[PDB]
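Worksheet: the structure to be examined is printed underneath.
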Amino acid sequence: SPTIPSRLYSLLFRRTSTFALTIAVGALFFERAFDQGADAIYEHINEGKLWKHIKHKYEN
Amino acid sequence: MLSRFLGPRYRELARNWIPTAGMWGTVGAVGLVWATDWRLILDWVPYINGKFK
Amino acid sequence: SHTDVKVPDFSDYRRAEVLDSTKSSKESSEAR
Amino acid sequence: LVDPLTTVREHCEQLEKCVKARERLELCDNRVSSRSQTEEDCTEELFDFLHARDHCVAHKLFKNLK
Amino acid sequence: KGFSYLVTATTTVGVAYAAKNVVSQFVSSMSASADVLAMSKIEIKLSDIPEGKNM
Amino acid sequence: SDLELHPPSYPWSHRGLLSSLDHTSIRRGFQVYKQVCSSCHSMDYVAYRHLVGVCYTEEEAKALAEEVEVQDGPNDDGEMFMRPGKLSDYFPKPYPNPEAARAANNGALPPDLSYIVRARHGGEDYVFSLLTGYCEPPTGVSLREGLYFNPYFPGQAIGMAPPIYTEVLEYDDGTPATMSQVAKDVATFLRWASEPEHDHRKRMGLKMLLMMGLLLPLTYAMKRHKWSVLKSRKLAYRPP
Amino acid sequence: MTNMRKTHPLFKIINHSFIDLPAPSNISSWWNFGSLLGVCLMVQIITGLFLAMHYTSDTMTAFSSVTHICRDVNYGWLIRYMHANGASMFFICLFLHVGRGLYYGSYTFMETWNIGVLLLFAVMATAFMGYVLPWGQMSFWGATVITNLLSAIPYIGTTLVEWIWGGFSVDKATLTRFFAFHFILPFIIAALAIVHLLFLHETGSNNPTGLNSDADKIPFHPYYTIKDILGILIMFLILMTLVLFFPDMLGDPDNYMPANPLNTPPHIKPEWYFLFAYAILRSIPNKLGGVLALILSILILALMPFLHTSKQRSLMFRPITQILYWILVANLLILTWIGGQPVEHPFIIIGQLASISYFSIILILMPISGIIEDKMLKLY
Amino acid sequence: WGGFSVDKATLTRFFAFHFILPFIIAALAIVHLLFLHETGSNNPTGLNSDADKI
Amino acid sequence: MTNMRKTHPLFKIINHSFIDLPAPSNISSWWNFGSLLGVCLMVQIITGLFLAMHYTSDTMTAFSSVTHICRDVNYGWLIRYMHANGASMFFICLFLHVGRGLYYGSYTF
Amino acid sequence: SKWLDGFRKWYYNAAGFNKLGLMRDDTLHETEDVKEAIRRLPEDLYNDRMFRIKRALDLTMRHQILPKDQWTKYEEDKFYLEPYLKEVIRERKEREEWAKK
Amino acid sequence: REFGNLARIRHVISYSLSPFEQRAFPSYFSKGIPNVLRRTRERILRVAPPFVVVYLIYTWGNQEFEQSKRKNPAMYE
Ligand SMILES: CCCCCCCCCCCCCCCCCC(=O)OC[C@H](COP(=O)(O)OCCN)OC(=O)CCCCCCCCCCCCCCCCC
Ligand code: HEC
Ligand code: HEM
Ligand code: HEM
Ligand code: HEM
Ligand code: HEM
């Protein structure tokens, strides 16, 4: 069983075009993942204080 | 300003260059008064009194 | 002579897959 | 209506540093009001008492406020 | 040589006069303007204030 | 006198590096400003469009925009006229010029309450201490009419009547309207008015902290990788 | 087939300047500050370009325009605080650049050092006029104070001050002309920085040992490329942690008030580098003497290449002059604190002693320390 | 536009752009002269001027 | 001693670009327009610097500031008209630069 | 004196160039007369000086120092550049005096 | 100027290996900490005495300034 860094180098990290392709795909997916995680950390820290936390008693 | 600039040769050079340096200072002063139109100096030269400056 | 020029031991800096000289590389170059 | 700031301030005057500042205040007040014509005023010991008292308040005020 | 140097000297005098006039006009542009010279030597002040007062 | 009293460090709910503002307290302080502080002080830079998304909903902010009246124009005769305000308008000024404020408030001009937290030393701590620190003057100093003693105000004599007390206004959420609560609410609302970018800025800072705590080990790893050629390089001198 | 990097003329210049530049392999973290200064200059240029894209220079609308930037412009608060804290970071990296030169003897490159001194003067003027630009209380009153400092010059002071003011006070003409000068002057800074880099590139960089670095020399790529990338990242960390958590710890509170000519602040404090200059100003109790003290305190950096009497270039191997240099940094800090403090007892006598110690320790004591070190090393 | 029509934001950003762009023009002129000096200058005949230069 | 003009770095750059530059001896008046364009750029930089020195960019006060430059500022009208006609004559010299380029085969660069 | 030698040794250890393997003649700054002295140096001394400077630059890049036994000491700190440098100074002073004449 | 004609160095042999074949952090702590402690021990007597004189001057200035603000009880009447 090949190691996963060896598999990563053989499939994606060898050719520079595939390197840039996986860089961009990882950029998109990682931007989504950290946007979700960072906002979730923020509202968990600031639960009960934000406007969307207190919003539900004023629309309806 | 430095210790290498003593002796007869450099004082001879200074004696040769002080009329040229004095004339350069003179033209610098005349250019300064002509540029700034300094009344305190220009009020004594005769023709320029007609300028009132 | 020039034969006395020997590379010193670099084992304080080598990677974990490189520390031995009896095991050939290119089974770990991809991983590194 | 009971005021949490007043209750906390009373507790802080009950604390010992603020009442040492307080006793210096009535010493200075008796000192100044004993005379009739003078130009010496002591806002400084009042500043010290308010500094200690409001420092203890700021340590223990906001728990009662939501 | 005197003729040629008189030619170049008169050109130098002309360009010096022109350059001094241009830079004098630019420095006068960076100086005070008509607005701030007009609103400087006249102050609207009355005597409708009592004694021991400052304005 | 020449002395000044430094306000203490209150433990605000937004004192932490990643702690946002309490928007219920912000809207409560907005009510405190609206029926308490808007008679004298102005806010030239905070608008109902800023109120949307932080303090109130869009409909509620709009409704409190038509509860005031705004000069506008010109009409077909070229004259100014009253119209109900909308979300695009700013907060209404109590006086048209500062000289009217000087005439009405005994020669004292209330400054704009739009940068007062960023403008005073201490900020919301200064505002809270100034509002809660009203007391009788010590024996010996005398102040004329319209002037009141305050330890935190520089010069110790402020021209301000005591603005807030217990049950000065009625809140909407049923919070008790004690004087300390009103002072805290108006202090945090003034903090939001002086810095509307607080919660967004702190979210930006948290994102920046996480990405730089991820990137510094990785960039340091690249630097040590590229420099490992030199940092483990060995030298030898072989003279004949 | 040919080498495009070494053949194409723009690529040849970039290769000989930034890519295949022979750089000493042992330069410390203090040598990243030149690249940090260039990066902060680019950041300041872009950020101020956006600020002036949303900024109107008029006394009725300057404060309103800055407030509109901070409030209604999308992320204009980030732009404005980035500009202010980037100016502060520029001055931090600039003082560390100067200190690196002082401690490692880089002032022997006389032309590069003098171009750097001109750059420092230009950055002082740029930052002063930029701080005038938001039209706050501190902006207006610091402008009046420094212009009266200019007025201290005899027989031409009043005329030059009324020429600079565009009138008889800091007013609309002064604000607009300071906007023009503050926008344009960083491009002169960039050109002088190109001249700075050219004068340095003539003779190569310097090593912390102060020795000839031709023994062990490495290309600028990729070693110092990635080292400067790491330095840029760390500088961005400090800069935007200032921006996003403490944007006003280096600013002033009462600067956020509109500039009232009639009202005056209780204290006058510009930024901390001008607090250093202000302390040197007010140490000496006359106007012309204080002005000459400030000007001389900046020109002693250019004067110091003539003051190097030691036979050793760097302070690496001279321990007494290290003590003198850190005493110097110590009363830089002390003079900054005194410039922060108002002028009463004991700050007056502390500032006077600090200024006279500063001038003495730079003028007369370091050459004595160098010649004592040369005597002790049997070099004299 | 900075909006939906030419307005204050457009005028201010155009002031900034008109201020900055001549210095970019100056830098590109430096590049212009560098390329020209690399390739030499041309004569009206369109020939090799290397035989006679001043 | 040494030759300062060709040994000092800024001086040797200026000498190699503008002083001792090998130029064709037969270039006509059409080759002056590059230096005319450069001096146009310098003149417009200076005059526009003075115009922005006395100019405010706001739709309420742009025309008011232009009038203030024209009337109140000492020679501000001269600076403004110098800027405008300098831009126009800058475009004239640009068109003649381009015309020289198409005519005398300068596009091979 | 006996006190002077110990104080000079302590100051030499405080200087720190012995910890990287230098000598005083290595650490003195390279001026014009120093460059003339290095040009006048013999080949073996020039090679040893060049290797010492290169090893010093490597050590300061690594932020390390030589071991205690491998540090150079005060007694064998030879002054190889001293006579060449002294002769270059004397010749330059002779040229300066002739220029003064 | 450029590489090749920089310096004349003879009989010097340099050894290096691949960055991929070695480690970026070879014992980052076990010799990182003693080297940092050694550097601080060497250069700690040149910075710390001036900095503690700054701290003493700062504290004494604050204390004397507060005593200048402090009320003098000499005048009683
Ligand atoms: C003679 C000291 C002997 C110490 C022996 C220690 C043990 C030695 C044997 C073991 C080796 C330990 C490690 C050695 C590290 C390097 C050597 C070292 O630290 O040496 C001591 C150091 C340098 O010694 P040196 O420069 O010769 O001292 C001359 C006195 N000026 O000198 C020092 O550290 C002393 C520094 C004193 C600085 C005092 C400064 C007072 C004034 C500060 C003013 C700042 C500005 C204030 C404002 C002014 C205006 C108001
Ligand atoms: C009319 C009686 C007012 C009421 C209601 C409020 N403010 Fe007041 N403010 C008023 C005046 C006349 C002044 C100036 C007085 C002076 O002596 O200068 C002020 C000033 C302030 C300040 C600035 C204090 C400083 O140190 O600069 C603050 C922070 C302030 N006012 C706060 C404030 C708040 C939060 C209010 C709502 C509860 C409020 N004021 C009401 C006039 C009046
Ligand atoms: C204001 C903007 C400045 C910029 C953009 C700038 C730029 C640079 C750069 C990029 C370097 C190369 C990096 C390095 O060698 O460490 C450098 C080095 C240098 N700078 Fe600056 N600098 C500025 C100000 C100054 C100042 C204020 C001084 C001195 C008072 C100065 C003196 C020097 C010197 C002497 C060097 C050579 C360093 C060496 O030889 O190792 N510069 N500068
Ligand atoms: C091309 C470059 C630059 C431009 C266009 C520019 C433009 C501006 C503008 C429009 C402002 C006012 C906006 C505001 O303060 O809200 C400003 C402020 C300021 N600028 Fe610049 N600037 C530039 C470069 C610099 C540089 C190089 C420095 C310092 C070294 C600097 C320092 C400052 C400072 C300190 C302020 C005031 C910030 C504050 O008061 O908080 N600027 N600049
Ligand atoms: C916009 C500012 C410009 C500046 C400051 C500038 C500058 C110069 C200068 C100083 C020269 C040397 C004078 C000469 O050779 O006749 C020159 C030549 C030249 N320019 Fe420009 N130029 C500009 C625009 C242009 C344009 C718009 C074009 C073409 C569309 C162009 C193409 C050329 C060419 C091909 C030459 C070489 C002509 C020759 O060698 O005979 N330049 N330029
Ligand atoms: C640093 C360089 C420059 C600055 C600061 C600058 C500044 C200004 C300012 C403030 C104005 C408004 C005044 C007015 O409209 O009369 C203006 C107008 C104008 N500028 Fe510039 N400018 C510069 C360079 C240029 C250049 C290089 C050109 C042409 C390629 C140019 C062409 C114009 C034109 C055509 C106007 C319109 C004037 C009118 O129609 O009356 N400027 N400039």
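Chain labels A, B, ... are given in the sequence in which chains occur in the structure tokens; within each chain residues are numbered consecutively from 1, and ligands are likewise numbered from 1 in the order shown.
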Within 7 Å of ligand 1 (only C-alpha atoms and all ligand atoms), residues as number ranges by chain: G: 319-320, 323, 327-328, 330-331, 334, 350, 353-354, 357; J: 11, 14; K: 41-43, 45-46, 49-50, 53-54
Neighbour list for region 37-43 of chain B as a list in words, cut-off 12 Å, only C-alpha atoms, skip fewer than 3 positions in-chain: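 My reading of the contact set: residues 29, 30, 31, 32, 33, 34, 46, 47, 48, 49, 50, 51, 52 and 53 of chain B; 20, 21 and 24 of chain E; 156 of chain G.
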Produce a file of the selected residues containing N, CA, C and O atoms, as a JSON list (two decimals), in the first residue's frame.
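Output below, filename again-v6.json:
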```json
[["chain", "number", "residue", "atom", "x", "y", "z"],
["B", 29, "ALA", "N", 25.32, 86.17, -5.09],
["B", 29, "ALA", "CA", 24.58, 87.22, -4.40],
["B", 29, "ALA", "C", 23.74, 88.06, -5.36],
["B", 29, "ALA", "O", 22.59, 88.41, -5.04],
["B", 30, "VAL", "N", 24.30, 88.39, -6.53],
["B", 30, "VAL", "CA", 23.55, 89.19, -7.50],
["B", 30, "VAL", "C", 22.39, 88.39, -8.07],
["B", 30, "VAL", "O", 21.28, 88.92, -8.25],
["B", 31, "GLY", "N", 22.59, 87.09, -8.32],
["B", 31, "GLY", "CA", 21.49, 86.25, -8.75],
["B", 31, "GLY", "C", 20.42, 86.10, -7.68],
["B", 31, "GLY", "O", 19.23, 86.06, -7.99],
["B", 32, "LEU", "N", 20.83, 86.05, -6.41],
["B", 32, "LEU", "CA", 19.87, 85.95, -5.32],
["B", 32, "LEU", "C", 19.01, 87.21, -5.21],
["B", 32, "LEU", "O", 17.78, 87.12, -5.10],
["B", 33, "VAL", "N", 19.65, 88.38, -5.25],
["B", 33, "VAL", "CA", 18.89, 89.62, -5.13],
["B", 33, "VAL", "C", 18.03, 89.85, -6.37],
["B", 33, "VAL", "O", 16.90, 90.34, -6.28],
["B", 34, "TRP", "N", 18.52, 89.45, -7.55],
["B", 34, "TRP", "CA", 17.73, 89.57, -8.77],
["B", 34, "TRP", "C", 16.55, 88.61, -8.77],
["B", 34, "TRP", "O", 15.48, 88.95, -9.27],
["B", 46, "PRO", "N", 20.88, 102.66, -9.12],
["B", 46, "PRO", "CA", 20.11, 103.84, -9.57],
["B", 46, "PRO", "C", 18.91, 103.57, -10.46],
["B", 46, "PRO", "O", 17.82, 104.07, -10.18],
["B", 47, "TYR", "N", 19.11, 102.82, -11.54],
["B", 47, "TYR", "CA", 18.06, 102.62, -12.53],
["B", 47, "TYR", "C", 16.90, 101.81, -11.96],
["B", 47, "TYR", "O", 15.73, 102.12, -12.21],
["B", 48, "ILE", "N", 17.22, 100.79, -11.15],
["B", 48, "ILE", "CA", 16.22, 99.87, -10.61],
["B", 48, "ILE", "C", 15.32, 100.56, -9.58],
["B", 48, "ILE", "O", 14.24, 100.04, -9.26],
["B", 49, "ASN", "N", 15.69, 101.75, -9.10],
["B", 49, "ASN", "CA", 14.76, 102.56, -8.30],
["B", 49, "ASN", "C", 13.49, 102.89, -9.07],
["B", 49, "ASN", "O", 12.43, 103.10, -8.45],
["B", 50, "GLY", "N", 13.56, 102.96, -10.40],
["B", 50, "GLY", "CA", 12.36, 103.20, -11.19],
["B", 50, "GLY", "C", 11.37, 102.05, -11.16],
["B", 50, "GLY", "O", 10.18, 102.27, -11.43],
["B", 51, "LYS", "N", 11.83, 100.84, -10.84],
["B", 51, "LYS", "CA", 10.95, 99.69, -10.71],
["B", 51, "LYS", "C", 10.09, 99.75, -9.45],
["B", 51, "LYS", "O", 9.04, 99.09, -9.40],
["B", 52, "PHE", "N", 10.51, 100.55, -8.46],
["B", 52, "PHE", "CA", 9.95, 100.63, -7.11],
["B", 52, "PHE", "C", 10.08, 99.32, -6.34],
["B", 52, "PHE", "O", 9.38, 99.13, -5.33],
["B", 53, "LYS", "N", 10.95, 98.42, -6.77],
["B", 53, "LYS", "CA", 11.18, 97.15, -6.08],
["B", 53, "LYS", "C", 12.67, 96.88, -5.96],
["B", 53, "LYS", "O", 13.48, 97.49, -6.65],
["E", 20, "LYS", "N", 12.88, 83.17, -14.51],
["E", 20, "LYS", "CA", 12.60, 83.86, -13.25],
["E", 20, "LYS", "C", 11.17, 84.36, -13.20],
["E", 20, "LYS", "O", 10.51, 84.26, -12.16],
["E", 21, "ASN", "N", 10.66, 84.88, -14.32],
["E", 21, "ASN", "CA", 9.28, 85.35, -14.34],
["E", 21, "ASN", "C", 8.30, 84.19, -14.14],
["E", 21, "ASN", "O", 7.33, 84.33, -13.38],
["E", 24, "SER", "N", 8.53, 82.99, -10.51],
["E", 24, "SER", "CA", 7.94, 84.02, -9.65],
["E", 24, "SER", "C", 6.43, 83.96, -9.69],
["E", 24, "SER", "O", 5.77, 84.09, -8.65],
["G", 156, "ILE", "N", 12.72, 85.80, 7.58],
["G", 156, "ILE", "CA", 12.03, 85.18, 6.46],
["G", 156, "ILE", "C", 10.95, 84.25, 6.99],
["G", 156, "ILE", "O", 10.18, 83.68, 6.22]]
```
Contacts of residue 13 (chain G) within 12 Å, only C-alpha atoms, excl. fewer than 3 positions in-chain, as a list in words: residues 4, 5, 6, 7, 8, 9, 10, 16, 17, 18, 19, 20, 21, 198 and 201 of chain G; 31, 34, 35 and 38 of chain H
Export of the given selection (N, CA, C and O atoms) as an mmCIF file, in the first residue's frame:
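Written out: again.cif:
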```
data_model
loop_
_atom_site.group_PDB
_atom_site.id
_atom_site.type_symbol
_atom_site.label_atom_id
_atom_site.label_comp_id
_atom_site.auth_asym_id
_atom_site.auth_seq_id
_atom_site.Cartn_x
_atom_site.Cartn_y
_atom_site.Cartn_z
ATOM 1 N N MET G 4 16.269 34.054 -21.858
ATOM 2 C CA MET G 4 15.446 35.256 -21.915
ATOM 3 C C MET G 4 15.636 36.125 -20.679
ATOM 4 O O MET G 4 15.634 37.357 -20.785
ATOM 5 N N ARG G 5 15.828 35.503 -19.512
ATOM 6 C CA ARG G 5 16.018 36.253 -18.274
ATOM 7 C C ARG G 5 17.311 37.061 -18.304
ATOM 8 O O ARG G 5 17.362 38.183 -17.786
ATOM 9 N N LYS G 6 18.360 36.515 -18.909
ATOM 10 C CA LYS G 6 19.640 37.201 -19.002
ATOM 11 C C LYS G 6 19.841 37.929 -20.326
ATOM 12 O O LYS G 6 20.914 38.496 -20.545
ATOM 13 N N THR G 7 18.844 37.928 -21.210
ATOM 14 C CA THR G 7 18.969 38.576 -22.510
ATOM 15 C C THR G 7 17.992 39.729 -22.695
ATOM 16 O O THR G 7 18.398 40.809 -23.144
ATOM 17 N N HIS G 8 16.716 39.531 -22.366
ATOM 18 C CA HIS G 8 15.720 40.592 -22.493
ATOM 19 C C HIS G 8 16.046 41.723 -21.522
ATOM 20 O O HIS G 8 16.310 41.455 -20.346
ATOM 21 N N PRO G 9 16.028 42.987 -21.972
ATOM 22 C CA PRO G 9 16.612 44.073 -21.156
ATOM 23 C C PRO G 9 15.898 44.339 -19.840
ATOM 24 O O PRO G 9 16.568 44.508 -18.813
ATOM 25 N N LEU G 10 14.562 44.389 -19.837
ATOM 26 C CA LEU G 10 13.835 44.496 -18.576
ATOM 27 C C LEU G 10 14.073 43.271 -17.705
ATOM 28 O O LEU G 10 14.307 43.391 -16.494
ATOM 29 N N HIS G 16 19.508 41.065 -12.660
ATOM 30 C CA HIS G 16 20.696 41.608 -12.021
ATOM 31 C C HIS G 16 20.385 42.363 -10.737
ATOM 32 O O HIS G 16 21.304 42.621 -9.952
ATOM 33 N N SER G 17 19.126 42.723 -10.501
ATOM 34 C CA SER G 17 18.757 43.469 -9.305
ATOM 35 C C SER G 17 18.099 42.628 -8.221
ATOM 36 O O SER G 17 18.469 42.751 -7.053
ATOM 37 N N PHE G 18 17.129 41.778 -8.566
ATOM 38 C CA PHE G 18 16.322 41.086 -7.571
ATOM 39 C C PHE G 18 16.359 39.568 -7.661
ATOM 40 O O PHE G 18 15.928 38.909 -6.709
ATOM 41 N N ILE G 19 16.841 38.993 -8.760
ATOM 42 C CA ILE G 19 16.765 37.547 -8.943
ATOM 43 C C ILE G 19 18.131 36.915 -8.725
ATOM 44 O O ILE G 19 18.296 36.059 -7.851
ATOM 45 N N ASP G 20 19.118 37.325 -9.518
ATOM 46 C CA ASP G 20 20.475 36.795 -9.420
ATOM 47 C C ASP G 20 21.392 37.826 -8.758
ATOM 48 O O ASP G 20 22.551 38.025 -9.128
ATOM 49 N N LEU G 21 20.858 38.536 -7.775
ATOM 50 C CA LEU G 21 21.652 39.495 -7.023
ATOM 51 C C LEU G 21 22.548 38.751 -6.042
ATOM 52 O O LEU G 21 22.040 37.978 -5.222
ATOM 53 N N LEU G 198 19.786 51.654 -6.233
ATOM 54 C CA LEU G 198 20.879 51.705 -7.203
ATOM 55 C C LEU G 198 22.216 51.966 -6.519
ATOM 56 O O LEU G 198 23.223 51.306 -6.820
ATOM 57 N N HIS G 201 23.160 48.832 -4.747
ATOM 58 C CA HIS G 201 23.498 47.776 -5.694
ATOM 59 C C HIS G 201 24.845 48.010 -6.363
ATOM 60 O O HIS G 201 25.427 47.062 -6.902
ATOM 61 N N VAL H 31 10.523 53.083 -19.294
ATOM 62 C CA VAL H 31 10.618 51.797 -19.991
ATOM 63 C C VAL H 31 10.760 52.005 -21.500
ATOM 64 O O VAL H 31 11.517 51.296 -22.177
ATOM 65 N N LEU H 34 14.279 53.036 -22.157
ATOM 66 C CA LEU H 34 15.182 51.908 -21.951
ATOM 67 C C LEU H 34 15.162 50.960 -23.145
ATOM 68 O O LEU H 34 16.221 50.534 -23.625
ATOM 69 N N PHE H 35 13.965 50.644 -23.651
ATOM 70 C CA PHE H 35 13.853 49.816 -24.848
ATOM 71 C C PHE H 35 14.484 50.498 -26.055
ATOM 72 O O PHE H 35 15.171 49.850 -26.857
ATOM 73 N N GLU H 38 18.214 50.350 -25.792
ATOM 74 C CA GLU H 38 18.655 48.994 -26.098
ATOM 75 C C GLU H 38 18.683 48.746 -27.599
ATOM 76 O O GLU H 38 19.633 48.150 -28.119
#
```
CA of residue 88 (chain F) to CA of residue 100 (chain F), distance in Å rounded to a single decimal: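 It comes out at 26.0 Å.
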Close residues to ligand 5 using only C-alpha atoms and all ligand atoms, limit 6 Å, as a ChimeraX atom specification: /H:29,41-43 /I:31-35,37-38,94,98,101,106-107,109
Residues from the last selection, C-alpha atoms, saved as an mmCIF file, in the first residue's frame:
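Contents of selection16.cif, freshly written:
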```cif
data_model
loop_
_atom_site.group_PDB
_atom_site.id
_atom_site.type_symbol
_atom_site.label_atom_id
_atom_site.label_comp_id
_atom_site.auth_asym_id
_atom_site.auth_seq_id
_atom_site.Cartn_x
_atom_site.Cartn_y
_atom_site.Cartn_z
ATOM 1 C CA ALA H 29 8.238 56.452 -20.556
ATOM 2 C CA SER H 41 17.664 55.151 -32.618
ATOM 3 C CA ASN H 42 16.321 55.379 -36.165
ATOM 4 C CA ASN H 43 17.222 57.769 -38.995
ATOM 5 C CA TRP I 31 12.801 63.483 -33.964
ATOM 6 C CA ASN I 32 12.462 66.385 -31.506
ATOM 7 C CA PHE I 33 8.911 65.390 -30.612
ATOM 8 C CA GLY I 34 9.929 62.697 -28.127
ATOM 9 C CA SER I 35 11.673 65.301 -25.986
ATOM 10 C CA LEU I 37 6.434 64.891 -25.276
ATOM 11 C CA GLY I 38 8.623 64.478 -22.196
ATOM 12 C CA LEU I 94 1.769 62.677 -29.803
ATOM 13 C CA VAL I 98 3.030 58.497 -34.182
ATOM 14 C CA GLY I 101 6.752 56.241 -36.413
ATOM 15 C CA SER I 106 10.088 53.136 -36.516
ATOM 16 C CA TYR I 107 7.589 50.335 -35.834
ATOM 17 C CA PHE I 109 11.217 48.362 -32.785
#
```
Residue contacts of region 140-142 of chain G (12 Å, only C-alpha atoms) excluding same-chain residues fewer than 5 positions away, as a PyMOL selection string: chain G and resi 59+63+128-135+147-149+165+169-172+174-175+178+254-271+274-275+278
Env. residues ligand 3 / 7 Å / only C-alpha atoms and all ligand atoms / as an NGL selection string: :G and (30-35 or 37-38 or 41 or 94 or 97-98 or 101 or 106-107 or 109 or 112-113 or 116-117 or 119-120 or 123 or 189-190 or 193 or 196-197 or 200 or 204-207 or 301)
DSSP alpha helix (DSSP H) selection over chain A, as a PyMOL selection string: chain A and resi 4-8+16-45
Nearby residues, ligand 2, 9 Å, only C-alpha atoms and all ligand atoms, as a VMD selection string: chain F and resid 29 32 to 34 36 to 41 101 to 102 104 to 113 116 to 117 119 to 121 123 to 124 126 to 128 130 to 131 147 to 148 152 to 164 182 to 183 186 to 187 190
For ligand 6, return the neighbouring residues as a compact mmCIF listing (two decimals) with C-alpha atoms, in the first residue's frame (distance at most 9 Å; only C-alpha atoms and all ligand atoms).
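The result, written out as pocket.txt:
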```txt
# COMPACT_ATOMS: atom_id res chain seq x y z
CA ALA G 180 -1.67 67.71 -3.19
CA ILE G 184 2.44 63.39 -4.78
CA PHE H 15 -9.70 63.09 -9.72
CA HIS H 18 -6.20 61.63 -13.23
CA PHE H 19 -3.73 62.52 -10.52
CA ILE H 20 -2.00 59.11 -10.40
CA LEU H 21 -1.91 58.18 -14.10
CA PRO H 22 0.78 60.68 -15.32
CA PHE H 23 3.31 59.06 -12.97
CA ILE H 25 2.96 57.38 -17.82
CA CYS I 40 4.94 68.30 -22.11
CA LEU I 41 4.60 65.63 -19.42
CA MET I 42 6.80 67.62 -17.01
CA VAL I 43 4.91 70.87 -17.72
CA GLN I 44 1.53 69.20 -17.26
CA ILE I 45 2.75 67.55 -14.05
CA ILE I 46 3.79 70.93 -12.61
CA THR I 47 0.74 72.89 -13.80
CA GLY I 48 -1.71 70.20 -12.73
CA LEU I 49 0.07 69.98 -9.38
CA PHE I 50 -0.70 73.67 -8.92
CA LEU I 51 -4.27 73.14 -10.14
CA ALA I 52 -4.83 70.32 -7.63
CA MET I 53 -3.06 72.52 -5.09
CA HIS I 54 -5.90 75.01 -5.52
CA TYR I 55 -8.66 72.60 -6.63
CA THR I 56 -11.31 70.62 -4.74
CA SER I 57 -13.02 67.52 -6.17
CA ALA I 62 -15.65 71.71 -8.55
CA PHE I 63 -16.86 74.60 -10.72
CA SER I 65 -12.92 75.92 -7.30
CA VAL I 66 -12.30 76.34 -11.04
CA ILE I 69 -8.46 79.37 -9.66
CA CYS I 70 -9.41 81.54 -12.65
CA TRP I 77 -5.97 81.41 -14.82
CA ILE I 79 -1.84 77.87 -14.86
CA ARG I 80 -5.26 76.49 -15.84
CA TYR I 81 -5.08 77.61 -19.47
CA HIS I 83 -2.60 73.02 -18.46
CA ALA I 84 -5.43 72.84 -21.01
CA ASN I 85 -3.42 74.06 -24.00
CA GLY I 86 -0.49 71.93 -22.86
CA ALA I 87 -2.70 68.85 -22.98
CA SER I 88 -3.93 69.82 -26.46
CA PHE I 90 0.73 67.27 -26.01
CA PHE I 91 -1.76 65.43 -28.20
```
Near-residue 53 (chain D) list (6 Å; only C-alpha atoms; drop same-chain fewer than 3 positions) as a list in words: residues 12, 18, 49, 50 and 56 of chain D
Written file, previous selection with C-alpha atoms, as a PDB file, in the first residue's frame:
```
ATOM      1  CA  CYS D  12     -17.698  49.137  48.243  1.00  0.00           C
ATOM      2  CA  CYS D  18     -12.793  53.124  50.748  1.00  0.00           C
ATOM      3  CA  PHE D  49     -12.087  57.857  47.534  1.00  0.00           C
ATOM      4  CA  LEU D  50     -13.948  57.839  44.214  1.00  0.00           C
ATOM      5  CA  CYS D  56     -14.208  48.157  43.347  1.00  0.00           C
TER       6      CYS D  56
END
```
Contacts of residue 55 (chain D) at 9 Å (only C-alpha atoms; same-chain gap of 6+ positions) as a VMD selection string: chain F and resid 7 to 10
Contact residues around residue 13 (chain C) with only C-alpha atoms at 6 Å, ignoring same-chain residues under 6 positions, as a VMD selection string: chain K and resid 22 to 23 26
Separation of CA of residue 231 (chain F) from CA of residue 14 (chain K) in Å: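 It comes out at 12.1 Å.
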Interatomic distance (Å, one decimal) between CA of residue 124 (chain G) and CA of residue 295 (chain G):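 These two atoms are separated by 12.0 Å.
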